[PDB]
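S.K.: Protein chains in written order, with PDB author numbering: chain M, 401 to 413; chain L, 401 to 413; chain K, 401 to 413; chain D, 19 to 224; chain E, 19 to 223; chain C, 20 to 223; chain A, 19 to 224; chain B, 20 to 223.
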Amino acid sequence: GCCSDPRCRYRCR
Amino acid sequence: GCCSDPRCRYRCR
Amino acid sequence: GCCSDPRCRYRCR
Amino acid sequence: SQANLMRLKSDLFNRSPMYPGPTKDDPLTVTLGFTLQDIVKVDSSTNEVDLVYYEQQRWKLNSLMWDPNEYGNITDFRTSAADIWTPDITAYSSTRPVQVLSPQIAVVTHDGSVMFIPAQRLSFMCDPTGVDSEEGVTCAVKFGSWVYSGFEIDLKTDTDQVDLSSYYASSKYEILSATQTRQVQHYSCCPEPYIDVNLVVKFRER
Amino acid sequence: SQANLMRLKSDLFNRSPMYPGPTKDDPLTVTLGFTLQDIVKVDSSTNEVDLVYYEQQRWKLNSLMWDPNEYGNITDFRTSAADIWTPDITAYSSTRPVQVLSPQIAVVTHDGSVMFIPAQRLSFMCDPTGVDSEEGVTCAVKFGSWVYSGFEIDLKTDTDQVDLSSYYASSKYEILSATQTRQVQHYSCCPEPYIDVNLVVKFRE
Amino acid sequence: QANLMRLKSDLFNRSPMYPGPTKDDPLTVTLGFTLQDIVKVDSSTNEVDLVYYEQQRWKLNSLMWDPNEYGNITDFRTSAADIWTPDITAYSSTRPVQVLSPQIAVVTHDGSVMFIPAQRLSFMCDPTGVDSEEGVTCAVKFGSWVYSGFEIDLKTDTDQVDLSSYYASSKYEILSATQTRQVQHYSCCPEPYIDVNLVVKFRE
Amino acid sequence: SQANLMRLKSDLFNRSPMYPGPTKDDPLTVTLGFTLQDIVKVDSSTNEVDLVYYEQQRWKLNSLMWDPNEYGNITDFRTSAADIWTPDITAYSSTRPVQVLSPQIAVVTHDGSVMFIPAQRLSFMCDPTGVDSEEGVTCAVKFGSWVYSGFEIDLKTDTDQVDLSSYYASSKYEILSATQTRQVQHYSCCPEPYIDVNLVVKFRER
Amino acid sequence: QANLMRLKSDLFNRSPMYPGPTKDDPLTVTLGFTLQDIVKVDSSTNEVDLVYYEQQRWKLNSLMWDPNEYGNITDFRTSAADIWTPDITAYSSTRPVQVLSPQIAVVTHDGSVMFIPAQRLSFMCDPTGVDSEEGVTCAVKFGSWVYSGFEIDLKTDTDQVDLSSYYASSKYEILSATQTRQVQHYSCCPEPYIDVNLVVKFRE
Ligand SMILES: [Mg+2]
Ligand SMILES: [Mg+2]
Ligand SMILES: [Mg+2]
Ligand SMILES: [Mg+2]
Ligand SMILES: [Mg+2]
């Protein structure tokens, strides 16, 4: 999902 | 095959 | 000898 | 002629601030296309496959426009790819660092268009089991920005047909089909799309 | 728009002295997570195994904060990882220099947090005897700062579960479990704790 | 000597560097090959490895000087980074070429440059049948990667590859090696596209 | 003590000419210690063996001292190895360039002492015939400066025992003994001692 | 430090870099080899791998100094990037040479430089028969890649290769090892070309 994608990840934590 | 050629292709699309 | 050694060799000549 | 190209480059590169990449406000479309040269090696012990291709990348920057009457009628020029911003397009499932087989040089056109075509050898994850049969094997690798969502970099292709007009005629592997398809992913969280180009090759021993 | 981003980067990098790394009085916590992509090969003659993974590294610097209002409502930006300090997170039991598979670009957010995700191929010490069995083999490698004690760089994970949602489905090897656990080592001669994250992967053919 | 320091100062510090050829000031690059060794054939990947010297010659007005103003110096050696070099590339390599010689060029007072990189090249070639009397034929094209013939013309002095240095104890003996200028046009554009075709016939 | 560390590094590095290495007049002692992690590979067809180890290097320079009270009570700091001089310690019988496995960062302490601990993989000359016996084989490689005699760089070890407490417990090879010993050669012409540290590892298959 | 820092700044920061040798300021390079190990033979490709120290010596006026003006310093060590070094190349290598030693040289107050890079070289050599009493013989030439003998002359101090630190448990025993200066011409041009020919006879 999101936090596996190197481009969603800045939005996760 | 101009659109295959790495010296021609800037003139295609 | 001293001319086999990269630390001493500057002296042999 | 040379004098004009020197002014032109000096006015675009030394007397400007470097483009900081695209933003959500000023997004960028990158056009991708593949010219597949050879399937060189298939490794059945590790499930890696090695391709050689030309990756055609095209984008346009406002900061790179010039009026060709101010610069001796120059309409385009070649320059080192270090002198300009380049998109961070990456294979998402390589297993070795990509090897570059071509000079890292681009062609810039007076409207801001940049054409950049690196030749590459890529090892990527692919199970070659059954490549010696008549059905073949299918393998796929996705290409995209490593850090930019689709709000900043949109990917497109001009055609879904991979260019095979230069595929090596004496390769160990015959190509059955080769497509390149824009894919958009949404996540249950965020408005921003995620774009990749999915390179799908079906091949078999010749 | 682009002008603002150029302004911001100029303010943060050019006009600003180099950040010298953490210190005992200004310590730094790095968050680590792994996305396991593939066990690429095992070598039974040398007890080396090769992994391919994304290593998420996230940390936060006061000297990288800005007020979005002063910069055209910009809340984050991408930048080359050379433009910034990055932590020296190292595998403690590699047998070859790590191979970088991805662009060296990081994302910086207006609160000072940096997200950086290098994709890497790692060869490390692991005895694969018995992978071709149903119980399989267990392997482990510690990641941590090479030079900074826990008084300068602390570490943590958001989850103990490694992300396997991108694991190559036709890999030669299937994963039975994969954890990432924070450990405190006292391990050398110093009286100061070094922190690591222990990545433990159980796998089989 | 103090003269050479002066000459490199005047040519390299007191000017902006050559930005490459233009349709209006095009440039001719002369290519020649000296084949040293077929090192390796790989019949399971259809790659062959060559070791050769690639002589490149071209001429810039920017690099001219009158020798009588520089202590009668007629030529000098300089690092290839101090000057522009053509982007000549093998069009069917399968590995980045490994450079085997120092990246140093020779410049002559008429602005002639002579650059001779020794290279190990891995390229696409089917070696099946190399162990027969007839051998195998393989071919790799060289040319500019980004310039058309309007900006860079390619030339050879001879169609004969120089085999006078071929390694006499190689696992492969050379049957023939030629280097031929080729021009292809296309429907779309008036611009020629030039390459030099290295055709090598060899057996065990 | 972050503005203080910037101050400290600025005073030590930017505000001074570079240290030119030790001299016959101002000699330098380098302390070497090894932590052996793994004998990862023996090659019987070429008589090469591959080790993975930590090489602890310690020396002291007067130009790197500072008063902690003048710098926020900073007593040490980490810095890129390129910012400082480092000794040219070399294996004398390597067969490949050493591979560096750790970041090139050192720790400098306010007395001027430097600690630098590179993790390396080394291929060196060693005949492994007999490794699969109960007696095992013995291999040895000398370490020293490449260009400095003992008049300029002296070597010592804090102990003659190699640190085995991180040795990979599932290595294909078991260590029977591992010593690190300082050696002094002299020659007839020449008054200088020539110093090396002799690493000697006895090992067999597990 | 104080004196040495002064000297280095006087020799390296005050001056333009030496531009390499010229016909009017020519240069002699002395070469010798210390052979450490024949590491690997490959009979599929006729490549042999050697490990050796290559001693290079030469003398530059621009590096002289009076030891009395510099605290009686008679020599110093310095990074090879600080000075000019000759482009001595093996002429039949098949891979880029691997450097095994720190790139540091020793300079003496009369202008003499001593530079001793350790290298692993892969070069063309047919190892057939190495498992016999008589062994095989191999040879590789070393010289400047870009300078003729009008600018760089080569010499050796002895015809014999130094074998006193050849690895005693190598797979291969050395029967003879020589290093000899040769002069050759090419049909086209007047310049003499100088190389040092390293000839090694060896067996299992
Ligand atoms: Mg976004
Ligand atoms: Mg501490
Ligand atoms: Mg054109
Ligand atoms: Mg001395
Ligand atoms: Mg000449």
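All C-beta atoms in this analysis are idealised placements derived from N, C-alpha and C, irrespective of residue type, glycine included.
By the criterion of Cβ-Cβ separation under 7 angstroms, what are the contact partners of M:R413 in chain D?
M.R.: Here residue 413 of chain M refers to the residue found at position 13 when the first sequence is read from its first residue. Those do not exist, as M:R413 stays about 13 angstroms from chain D at its closest Cβ, beyond 7 angstroms.
S.K.: So what does DSSP say about B:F31, is it helix, strand or coil?
M.R.: As a position in the eighth sequence, residue 31 of chain B is number 12, starting the count at 1. DSSP places B:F31 in helix when its eight states are reduced to three.
S.K.: In this structure, what does DSSP give as the bridge partners for A:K160?
M.R.: Stepping through the seventh sequence from its first residue, residue 160 of chain A is reached at position 142. Paired residue(s): A:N216.
S.K.: Any beta carbon of chain D sitting closer than 8 angstroms to that of E:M24?
M.R.: By one-based count along the fifth sequence, residue 24 of chain E stands at place 6. Cβ-Cβ to chain D under 8 angstroms: yes for E:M24.
S.K.: According to the Cβ coordinates, are B:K42 and B:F169 closer than 8 angstroms?
M.R.: Against the eighth sequence, residue 42 of chain B aligns to sequence position 23. Against the eighth sequence, residue 169 of chain B aligns to sequence position 150. Yes; because the gap between Cβ atoms is below 8 angstroms, this pair is in contact.
S.K.: Anyone know if the C-beta pair for B:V215 and B:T199 falls short of 8 angstroms?
M.R.: For the purposes of this step, residue 215 of chain B is taken as residue 196 along the eighth sequence, with counting starting at 1. For the purposes of this step, residue 199 of chain B is taken as residue 180 along the eighth sequence, with counting starting at 1. Yes; because the gap between Cβ atoms is below 8 angstroms, this pair is in contact.
S.K.: Kindly say whether B:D56, judged by its beta-carbon, lies nearer than 8 angstroms to any beta-carbon of chain A.
M.R.: Working through the eighth sequence from its first residue, we reach residue 56 of chain B at position 37. For B:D56, the answer is yes, since a Cβ of chain A falls inside 8 angstroms of its Cβ.
S.K.: Going along the chain, which residues of the region 143 to 169 of chain C sit with their C-beta nearer than 7 angstroms to a C-beta in chain L?
M.R.: Within the region 143 to 169 of chain C, the residues whose Cβ lies closer than 7 angstroms to some Cβ of chain L are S163, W164, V165, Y166 and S167, listed in chain order.
S.K.: Is any non-hydrogen atom of ligand 5 found closer than 7 angstroms to the C-beta of A:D172, if you look at the structure I gave you?
M.R.: Position 154 of the seventh sequence holds residue 172 of chain A. Incorrect: A:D172 has no Cβ contact closer than 7 angstroms to ligand 5.
S.K.: On the DSSP bridge list, what partners appear for B:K160?
M.R.: Working through the eighth sequence from its first residue, we reach residue 160 of chain B at position 141. Partner(s): B:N216.
S.K.: In angstroms, rounded to a whole number, what distance separates the CA positions of C:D181 and A:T47?
M.R.: Position 162 of the sixth sequence, counting from 1, holds the residue named residue 181 of chain C. Position 29 of the seventh sequence, counting from 1, holds the residue named residue 47 of chain A. So the alpha carbons of these two residues sit roughly 56 angstroms apart.
S.K.: Please list the terminal residues of the continuous alpha helix (DSSP H) segment that includes A:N80.
M.R.: Locating residue 80 of chain A in the seventh sequence gives position 62, where the first residue counts as 1. That residue, A:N80, is in no alpha helix (DSSP H); its beta strand (DSSP E) goes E66 to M83.
S.K.: Does ligand 2 have a heavy atom nearer than 7 angstroms to the CB of residue 307 of chain C?
M.R.: What is shown of chain C runs 20 to 223, which leaves residue 307 of chain C out entirely.
S.K.: Any heavy atom of ligand 4 inside 7 angstroms of the beta-carbon of A:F169?
M.R.: Start at 1 with the first residue of the seventh sequence, and residue 169 of chain A comes out as number 151. Yes, since a heavy atom of ligand 4 falls inside the 7 angstroms radius drawn around the Cβ of A:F169.
S.K.: With DSSP as the reference, label A:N91 as helix, strand or coil.
M.R.: Walking along the seventh sequence from the start, residue 91 of chain A turns up at place 73. Of the three classes helix, strand and coil, the one that applies to A:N91 here is coil, per DSSP.
S.K.: Figure out for me which residue from B:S151, B:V58, B:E66 and B:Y71 has the closest Cα to the Cα of A:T64.
M.R.: In the seventh sequence, the residue the question calls residue 64 of chain A occupies position 46. Nearest of B:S151, B:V58, B:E66 and B:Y71 to A:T64, Cα basis: B:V58.
S.K.: Less than 7 angstroms between the CB of C:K190 and some heavy atom of ligand 1, yes or no?
M.R.: On the sixth sequence, position 171 is the one that residue 190 of chain C refers to. No, Cβ of C:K190 sits at least 7 angstroms from all heavy atoms of ligand 1.
S.K.: Under 8 angstroms, do E:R96 and D:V165 count as touching if we go by C-beta distance?
M.R.: Taking the fifth sequence and counting its residues from 1, the one referred to as residue 96 of chain E is at position 78. Taking the fourth sequence and counting its residues from 1, the one referred to as residue 165 of chain D is at position 147. Contact: yes.
S.K.: Name, please, each residue of chain D whose Cβ falls closer than 9 angstroms to the Cβ of residue 262 of chain E.
M.R.: Because chain E here runs from 19 to 223, residue 262 of chain E falls outside it and cannot be looked at.
S.K.: Is it buried or exposed for E:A124, if we count other Cβ within 10 angstroms and need 16 for buried?
M.R.: Here residue 124 of chain E refers to the residue found at position 106 when the fifth sequence is read from its first residue. When all chains shown are included, E:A124 counts as buried.
S.K.: Applying a beta-carbon distance threshold of less than 9 angstroms, which residues of chain K neighbour A:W164?
M.R.: One-based indexing of the seventh sequence puts residue 164 of chain A at position 146. Here the neighbours are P406 and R407.
S.K.: Between the Cα of D:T197 and the Cα atoms of D:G154, D:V180 and D:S184, which residue gives the shortest distance?
M.R.: Taking the first residue of the fourth sequence as position 1, residue 197 of chain D is located at position 179. Comparing Cα positions, the closest option is D:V180.
S.K.: Do the CB positions of A:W84 and A:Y37 come within less than 8 angstroms of each other?
M.R.: Against the seventh sequence, residue 84 of chain A aligns to sequence position 66. Against the seventh sequence, residue 37 of chain A aligns to sequence position 19. In this structure, A:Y37 does not lie closer than 8 angstroms to A:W84 by Cβ.
S.K.: Which residues, taken in chain order from the region 55 to 86 of chain D, show a beta carbon closer than 8 angstroms to some beta carbon of chain L?
M.R.: Listed by position along the chain: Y72, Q74 and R76.
S.K.: Ordered along the chain, which non-local residues of its own chain (more than five positions away) have a Cβ less than 7 angstroms from that of E:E223?
M.R.: The count along the fifth sequence starts at 1 and reaches residue 223 of chain E at position 205. Cβ within range, chain order: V149, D150, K190 and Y191.
S.K.: Take the Cβ of E:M143 as the centre, count every other Cβ of all protein chains shown within 10 Å, and call the residue buried at 16 or more, exposed below.
M.R.: Here the question's residue 143 of chain E lines up with position 125 in the fifth sequence. Buried.
S.K.: Going along the chain, which residues put their C-beta within less than 6 angstroms of some heavy atom in ligand 3?
M.R.: Checking every Cβ against the heavy atoms of ligand 3 under 6 angstroms gives C:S167, C:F169 and C:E210.
S.K.: Using beta carbons (cut-off 8 angstroms, strictly below), is B:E88 in contact with chain C?
M.R.: As a position in the eighth sequence, residue 88 of chain B is number 69, starting the count at 1. So, not an interface residue.
S.K.: Where does D:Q117 fall in DSSP's three states?
M.R.: Position 99 of the fourth sequence, counted from the start, is the residue given in the question as residue 117 of chain D. In this structure, D:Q117 counts as strand in the three-state DSSP scheme.
S.K.: Tell me, please, whether the CB atom of D:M133 is closer than 8 angstroms to any CB atom in chain L?
M.R.: Translated into the one-based positions of the fourth sequence, residue 133 of chain D becomes position 115. Output row for D:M133: interface = yes.
S.K.: Can you name, in chain order, every residue of its own chain whose Cβ lies under 6 angstroms from the Cβ of C:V132, other than the five neighbours on each side?
M.R.: For the purposes of this step, residue 132 of chain C is taken as residue 113 along the sixth sequence, with counting starting at 1. Contacts found: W77, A124 and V126.
S.K.: Hey, does C:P209 have any beta-carbon neighbour from chain D nearer than 8 angstroms?
M.R.: Position 190 of the sixth sequence, counting from 1, holds the residue named residue 209 of chain C. For C:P209, the answer is no, since every Cβ of chain D falls outside 8 angstroms of its Cβ.
S.K.: Would the beta-carbon of A:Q122 fall within 8 angstroms of that of A:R139?
M.R.: Position 104 of the seventh sequence, counted from the first residue, corresponds to residue 122 of chain A. Position 121 of the seventh sequence, counted from the first residue, corresponds to residue 139 of chain A. No, Cβ-Cβ distance for A:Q122 and A:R139 is not below 8 angstroms.
S.K.: Quick check on the DSSP output: what are the complete alpha helix (DSSP H) runs of length 4 or more inside the region 20 to 94 of chain B, in order along the chain?
M.R.: 21 to 31, all fully within the region 20 to 94 of chain B.
S.K.: For B:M133, which residues in chain K fall below 7 angstroms Cβ to Cβ?
M.R.: Residue numbering aside, residue 133 of chain B sits at position 114 when the eighth sequence is read from its first letter. Near B:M133 (Cβ distances below 7 angstroms), the residues of chain K are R409 and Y410.
S.K.: Rounded to the nearest angstrom, what separates C:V60 and C:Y186 at their Cα positions?
M.R.: Here residue 60 of chain C is taken as the residue at index 41 of the sixth sequence, counted from 1. Here residue 186 of chain C is taken as the residue at index 167 of the sixth sequence, counted from 1. Approximately 16 angstroms between the Cα atoms of the pair.
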